[PDB]
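So this first bit is one chain, no partners, the form deposited in one PDB entry, shown in structure tokens.
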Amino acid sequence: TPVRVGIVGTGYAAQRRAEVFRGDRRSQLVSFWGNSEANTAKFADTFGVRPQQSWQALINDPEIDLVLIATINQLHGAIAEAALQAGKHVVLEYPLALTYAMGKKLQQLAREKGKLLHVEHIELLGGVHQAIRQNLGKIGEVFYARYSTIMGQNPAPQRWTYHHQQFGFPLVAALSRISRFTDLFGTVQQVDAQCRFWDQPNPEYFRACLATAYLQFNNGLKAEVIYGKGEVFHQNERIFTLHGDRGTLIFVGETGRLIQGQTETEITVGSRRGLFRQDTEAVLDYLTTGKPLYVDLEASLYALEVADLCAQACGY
């Protein structure tokens, strides 16, 4: 300490990190690596840091102790691996990797190098998920559950989140959909999935995708995971429904209600706080005082495992 940080990426997540790292006594933002020249210059000017020429040069820099990986999904695996070999602590924005196999390597590698390997999961710090668990008890045995997120976007940009290789399998990239269910109900017994893309004229990109996963949990629960975004969607949704034999929990965006006997009581849901700030501090609290992190790497790797299985169910 101060934990000297190099940041890989200059996007939204990378900026929230820079803000907290800088403003936090225990940490020192040292370097960063980006992509486009404009945003590498914006990031450098905004935060007072100079950019490495390559991410390889960033992770080998002896004057950083921790690599923060907030770049495109496709690069998570190789960069996390190179940084662990180079003896750095590695914090990643999810997904850990684009395949379950690669994530297992990183876990094993980080173990045998004695370095922190943490995957951020801000969906587990949000109002919806905390309210779901504040209230899970009073709806009995959850037998039927669905989480639909539909993000219509017309036109679809030819940015990295619509690129097959850089984004990866959509349910691997949108790991927070499955992660929620595994955090609440544990091991999945059975996996069925379908994915369908609408290509761009340049088919490296897609203008839309619909990914559906049908999960059967060991404890009897049936769960539906619906992820869709792009040009063919005309109605947005962010709906989490949980049917128990004692009641129903429904969360529509950030509003929640408990439903018992065909009647509903409103549920208070927490503010859209700096979830990135919570995570950053959780990392700095763990590295200094040993306070356990709010999510385990094991749980993150398990979410990827279920998601990787969804990618096999789709032939992908």
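The first residue of the shown sequence is 1; numbering continues from there. C-alpha atoms forming the largest set that superposes within 1.5 Å between two forms make up the rigid core.
This protein has a second form, the form deposited in another entry, left out of what is shown; the following refers to that one.
Core-superposed comparison between this form and the one not shown: the Cα of residue 123 travels 2 Å or more. Once you line up the core between this form and the one not shown, the Cα of residue 302 stays within less than 2 Å of where it was. With the core superposed, residue 175 shows a C-alpha displacement of at least 2 Å between this form and the one not shown.
A shift of at least 3 angstroms brings the Cα atoms of residue 222 and residue 175 nearer to each other in the other entry than in the displayed structure. Between residue 175 and residue 220, the Cα distance is smaller in the other entry than in this structure, by no less than 3 angstroms.
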